[PDB]
Every structure is written in structure tokens, then in C-alpha cells.
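The sequence shown lines up with residues 2 to 149 when you count with the entry's author numbering.
Using N, Cα and C, we set each Cβ at its ideal position, and we do this for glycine too.
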Amino acid sequence: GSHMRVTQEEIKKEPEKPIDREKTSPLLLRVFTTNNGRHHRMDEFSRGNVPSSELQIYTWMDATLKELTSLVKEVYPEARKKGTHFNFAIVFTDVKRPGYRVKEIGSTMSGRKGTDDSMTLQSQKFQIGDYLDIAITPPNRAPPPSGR
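Below, the structure is given as C-alpha cells:
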């Protein structure tokens, strides 16, 4: 027949399907942005503590660091400022994890073509549900940028 059977095995192993950087689909992402550009720790901003901690960004895993520069800056006026130094990292909130996987993969700017900008998220192991911790540094306290 068809309904009744003994052996049950479905082969659906498909290779890695790349997403169209242009025709990609936007997905909800959680990002933690600080107003001092510091990778201190989660204690600075936990998940569900304040609205100024984690922000929603409809980005695409196959997005270039640049796209992330706008996504966050758009959801965070503190970044819209010119000369804003934001560092993209991967950190998780208080959970059943060790607490050492928190590291940065690259940092962009608000109108400044960096080296990581041309880089894509997919390379930083960024996927759906992933935890990205961006460190926004205003131009008022940014010694590197032009000023003094």
C-alpha cells in the first residue's frame, strides 16, 4: 500500500544554500548597543532589563558589516551621529553557557568605510537567533577620529 510501512527514511540532505545579498530575506535579530563602545560584559546590558539594551534589526545573515551599520544606527539614534565607532561582537546573556565566547569580529563607522565593512556576517558565524553585541562609541569621546 502506502500508509502502512516498515522502513522509514527520508533523504533531504541539501548543501549550503547561499543567500542573495540583494534578494535576501530580512530576519529579526537581537543586538546589544552601548553608548561607550565597551565590550565589558553582559552585566552592562541583560536581555529584558531595559529597552536601551537589546534592539531589533531585520537584517540578513549574508549582510555586509555596512548593512549592519545602518540597521543598528537606524534603531539607535546614538549611532546616527557622524564618526560613531561601533564594534560588532558575539556575546550571550546570563545563561547555561561558560562566558568566554564573547568576542568582536569587526567594527564599522557612521559614514566611514572600514576594512570589516566589506565583510559579511555569515563569516562571523552570525545566524538566526545569534547574539550580537555592538559597541557604539560617540565622536565626543573617540580619541582616534579627527578632533584633537
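Check                                                                                                                                               : Outcome
Between the Cα of residue 127 and the Cα atoms of 52, 55, 61, which residue gives the shortest distance?                                            : 61
Among 85, 137, 57, 141, which has the Cα closest to the Cα of residue 28?                                                                           : 57
Does any residue of chain D have a CB that is nearer than 8 Å to the CB of residue 18?                                                              : Absent here is chain D; the protein component of the structure consists of one chain.
In three-state DSSP terms, what is residue 43?                                                                                                      : helix
Threshold first: 3 residues or longer. Then list the beta strand (DSSP E) segments lying entirely within the region 99-129, N to C.                 : 104-110
By how many angstroms is the C-alpha of residue 54 removed from the C-alpha of residue 140?                                                         : 20 Å
Give a yes or no on whether the C-beta atoms belonging to residue 89 and residue 108 are separated by under 8 Å.                                    : yes
Less than 8 Å between C-beta atoms, sequence neighbours within five positions excluded: which residues of the same chain meet that for residue 146? : 84, 86, 140
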